[PDB]
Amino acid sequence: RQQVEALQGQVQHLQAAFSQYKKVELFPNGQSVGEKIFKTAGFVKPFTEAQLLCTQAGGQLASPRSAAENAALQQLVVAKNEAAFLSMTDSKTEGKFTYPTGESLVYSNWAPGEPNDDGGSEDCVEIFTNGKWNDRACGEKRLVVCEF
């Protein structure tokens, strides 16, 4: 009993302290939505380099799977005023975009007419400050945003 009483106080302290630090941590480069957290590195990089940074950090490139997640990601894009790369590509099969796992998209917010594989060479995806998506050359540099 005794060991349980004081233990409750310790857990309550950790919960309160943690709740506070979550807010501190996310300000101003992160966004929490559901059980997902987006965090921007604050700089731009080509797709492959951006992908590697996220994977090595224990996460992956931003992969919005719902309107709510897309809106959260859009807030970071707007704050930095820099379009960002998403994790999805159609590098394997032209015209078919997939997540790093190979799974087909469960959500998309393409701007009208997109994806258009402009110049026959756009296999990556960027999200604009207006929240819309556009396929873009993977060699271009875009804001790095990872999800955890």
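Basically, rigid core = biggest C-alpha set you can superpose within 1.5 Å across the two forms. Residue positions are given as counts along the sequence shown, with the first one as 1.
Between 123-131 and 5-13, larger RMS Cα displacement in 9 other deposited structures of this protein after core fit: Comparing 5-13 with 123-131, the larger C-alpha deviation in 9 other deposited structures of this protein belongs to 5-13.
Average Cα temperature factor in the PDB entry - higher stretch of 91-99, 38-46: Stretch with the greater average CA B-factor: 91-99.
122-130 versus 7-15 - which carries the larger mean C-alpha B factor in the record: Looking at the recorded C-alpha B-factors, 7-15 comes out higher on average.
Peak C-alpha temperature factor (PDB record), options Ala62, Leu105, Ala83, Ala111: Highest CA B-factor of the listed options: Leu105.
From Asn70, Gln56, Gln31, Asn116, residue of greatest CA B-factor: Most elevated C-alpha B-factor of the set, per the entry: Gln56.
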